[PDB]
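Read the structure below first, then the notes.
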Amino acid sequence: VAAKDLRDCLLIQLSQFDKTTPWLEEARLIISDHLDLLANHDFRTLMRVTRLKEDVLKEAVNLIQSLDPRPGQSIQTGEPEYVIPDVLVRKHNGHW
Amino acid sequence: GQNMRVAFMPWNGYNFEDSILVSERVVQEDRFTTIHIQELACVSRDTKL
Amino acid sequence: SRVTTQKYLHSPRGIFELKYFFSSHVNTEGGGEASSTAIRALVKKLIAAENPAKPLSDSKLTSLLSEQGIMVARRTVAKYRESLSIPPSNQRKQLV
DNA sequence: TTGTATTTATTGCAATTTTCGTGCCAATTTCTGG
DNA sequence: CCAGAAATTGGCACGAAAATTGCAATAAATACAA
C-alpha cells in the first residue's frame, strides 16, 4: 500500500518473500529492469536481455502474475448505483 | 424429551439453587444433541454499468 | 431524436438507453445489412475463442467474418476492436 | 340566423453539426531463406 | 543468425449520411351576443 507505481508495489510485495522461493531472483530482475516490454508481451527480447529459457521465463511470469496488483482493494467500500427505467417491456402470453 | 435415571440428593454444591449435575455418558450417547439449520441468501441485481 | 434522449428501457436482458437500438450498418453477402452492434458481438465472441499461442489479427478476423456473409473492411474491424478496448494481436499472445 | 371573441390544438422545418465506413500510408513487428 | 521483405497497426482524410438544435406569437372549433 501507498506505493508510487506498479514497479514499486511489486518490489515491495516481492521483498516479503523468503529467499527459498525457487524463482524469486528472476522475477525480481524482470520487475526491476524490464517491465515495459513485459507489458508489451515481447517474451522474446525478454529472453535475450534476461538470458533465460522458456521453462524458466514462464515460471517467473507466473510468479509475477501471482502477486496482488491492487493492495488497497482488500477493504472494499461503496455501493453499486442503479437507475429507474422509464418504460418496461415484458412477455405476456406469447407476445411482447 | 428423554428418559433419565435420576437421584435426588445434594452433590458437593453442584446442584445448588436449581443447578443440574449431568453424567458424561449422557453426552457420549448423544441423548440431547439437536440439529439446527440456517439459511443464507445472495441476490444478484442489475446495475447501470 | 428528442424523445429517445436519456430515457432507459428495462428488458429481461437488462437496462438500455432506448438509443442503444440505433446503429450503423455494413453490407452483407447477396443482399441486406448487418448492424454494427451484431458485428461487435461477433468480434468479441471470435476473439474470446482464439488460440492463446497465436492471436487473431484483423485480417484473419475479417476473413472469418466474411464467411457468414458480412462485408466489413479491415480498418472497420480494427475500429470495432479498439472500441471494445481489446489490445492488438501482438499484445494478446501468452507463453503457454 | 350570423358575424365575433375564446379556447383549444400545434409535437415540424431548416439549417448546422456530428458521425459514419473505408482508403492512403508511414511507422512498427514478425517471418524467412539464404 | 542477418537483411529484406512481408505483415500489422493506427493517424488522418473524404464525402456521404445521419443526428442535433434553434425557432418566439398561428388556425380552427365553439360558445355567444345582435
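Heavy atoms only: backbone and side chains are in, while hydrogens, waters and symmetry mates are out. Chain A is the first sequence line, chain B the second, and so forth, proteins listed ahead of strands; every chain is numbered from 1.
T5(C) has no side-chain polar atom (N or O) that falls below the 4.0 Å cut-off from OP1 or OP2 of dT20(E). Within the 4.0 Å cut-off from OP1 or OP2 of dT8(E), not a single side-chain nitrogen or oxygen of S89(C) is found. Proximity of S1(C) to the phosphate of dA19(E): no side-chain N or O atom is located under 4.0 Å from OP1 or OP2. Proximity of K93(C) to the phosphate of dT30(D): a side-chain N or O atom is located under 4.0 Å from OP1 or OP2. The side chain of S57(C) places an N or O atom within less than 4.0 Å of a non-bridging phosphate oxygen (OP1 or OP2) of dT8(E).
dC2(E): Watson-Crick or G-U partner is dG33(D), with both key distances under 3.5 Å.
A donor-acceptor contact under 3.5 angstrom links the side-chain atoms of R75(C) to the base of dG11(E).
Comparing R74(C) and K79(C) along DNA chain D, the residue whose closest nucleotide (by nearest heavy atom) sits nearer the 5' end is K79(C). Toward the 5' end of DNA chain D, the nearer of the two residues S24(C) and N90(C), judged by each one's closest nucleotide, is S24(C).
With P as the reference atom, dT8(D) and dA25(E) are 23 Å apart, rounded to whole Å. With both ends at atom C1', the span from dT11(D) to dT21(E) equals 15 Å, rounded to whole Å.
Stacking annotation: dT10(D) and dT11(D) not stacked (criterion of six-membered ring centroids under 5.5 angstrom and interplanar angle under 30° not met). Annotated as not stacked: the bases of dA25(E) and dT26(E), by the 5.5 Å centre and 30° plane rule. Stacking annotation: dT22(D) and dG23(D) stacked (six-membered ring centroids under 5.5 angstrom, interplanar angle under 30°).
The pentose of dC20(D) belongs to the north class of puckers. Its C1'-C2'-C3'-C4' angle has a positive sign.
Other residues, nucleotides and ligands place more than 12 heavy atoms under 6.0 Å from the NZ atom of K7(C). The environment of NZ in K60(C) is sparse: at most 12 heavy-atom neighbours from other residues, nucleotides or ligands sit within 6.0 Å.
Taking the centre of each ring, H41(A) and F43(A) come in below the 6.0 Å mark.
Taking all atoms of both residues into account, the shortest heavy-atom contact from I31(A) to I64(A) is CG1-CD1, 3.7 Å. Closest of all the heavy-atom pairs between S89(C) and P55(C) is O-CG, 3.2 Å.
Look at NE2 on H41(A): it is 13 Å from P on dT29(D), rounded to the nearest Å. Look at CG on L56(C): it is 16 Å from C1' on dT9(E), rounded to the nearest Å. Atom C1' of nucleotide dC20(D) and atom CD of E33(C) are separated by 15 Å, given to the nearest angstrom. Between the P atom of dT28(D) and the CG atom of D58(C) lies a distance of 19 Å, rounded to the nearest Å. Between the P atom of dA17(E) and the CG atom of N27(C) lies a distance of 13 Å, rounded to the nearest Å. Atom-to-atom, CG of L18(C) to P of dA19(E) comes out at 13 Å; the value is rounded to the nearest Å. Regarding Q6(C), its CD atom lies at a distance of 11 Å from the P atom of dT21(E), rounded to whole Å.
Counting non-hydrogen atoms under 4.0 angstrom, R2(C) reaches a base of the nucleic acid. Within 4.0 Å (heavy atoms only), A73(C) reaches sugar-phosphate atoms of the nucleic acid but no base atom.
With respect to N40(A), the side-chain contact (heavy atoms from CB on, under 4.5 Å) criterion is satisfied by exactly one of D36(A), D42(A), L38(A): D42(A).
Against the 90° criterion about 0, the sugar-base torsion of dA25(E) places it in the anti range.
Taken together, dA24(E) and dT11(D) do not qualify as a Watson-Crick or G-U wobble pair under the 3.5 Å criterion applied to both distances. Pairing status of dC23(E) against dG12(D): a Watson-Crick or G-U wobble pair, both distances under 3.5 Å.
Counting only heavy atoms from C-beta on, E82(C) has its side chain closest to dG10(E) among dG10(E), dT8(E), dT22(D).
In this pair, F16(C) and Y20(C) present their aromatic rings parallel. The plane angle is below 30°, not in the 30 to 60° band.
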